[PDB]
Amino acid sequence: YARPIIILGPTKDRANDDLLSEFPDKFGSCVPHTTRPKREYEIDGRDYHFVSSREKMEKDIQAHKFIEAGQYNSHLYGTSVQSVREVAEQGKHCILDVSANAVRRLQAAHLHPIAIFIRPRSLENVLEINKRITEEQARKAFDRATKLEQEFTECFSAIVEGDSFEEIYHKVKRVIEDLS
């Protein structure tokens, strides 16, 4: 069994996609659930898990079966505990895009996540580990990571810093190897 990963902080998305592509035998994504009606070319259980009934899925959310859910384009979407458990029981590390709130939910589910926070040193530091964002978004993001650390600090399995994203990817890599 392999621990699910949650990367938080700036660069999470890039880190996640990199990991997925770079080591697809080591890493996987879980199948999310949606109440949106399945397009004809879509495959139930691969692209999404397609729920017949919005009332149905609201119940499961109520029933705690999901670690994350929200609404988009008027439909529910979410990550079930079970779809994470399937990846993790596949011997693969499940790459999660989820809020820090999800970690308490993962701990609670016995799924023992690996939660990694990426801590910017300064506003400027954010810009140096992130090429393609504006100065305003860097600001909004530094303040964001601060509020995140204040609240969720006790949830982090580990905290990384760096001058370059490359340095950080390397660090994120080590941490993951170290826990297995």
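Basically, rigid core = biggest C-alpha set you can superpose within 1.5 Å across the two forms. Numbers for residues come from their place in the sequence shown, where the first is 1.
Once the structures in 6 other deposited structures of this protein are superposed via the core, the pair 52-60 and 22-30 is resolved in favour of 52-60 as the more displaced stretch (C-alpha RMS). Remark: when the other structures in 6 other deposited structures of this protein are fitted onto this one via the rigid core, 67-75 deviates more than the alternative among 80-88 and 67-75, judged by RMS CA distance. Mean C-alpha B-factor is higher over 135-143 than over the other stretch, the pair under comparison being 135-143 and 29-37. Stretches compared: 72-80, 89-97. Higher mean C-alpha B-factor in the entry: 89-97.
Among all modelled residues in its chain, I43 ranks in the lowest third by Cα B-factor. Per the PDB record, residue ranking by Cα B-factor puts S52 in the middle third of the chain. Annotation for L111: CA B-factor lies in the middle third of the chain's modelled residues. The entry lists a Cα temperature factor for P10 that places it in the middle third of the chain's modelled residues.
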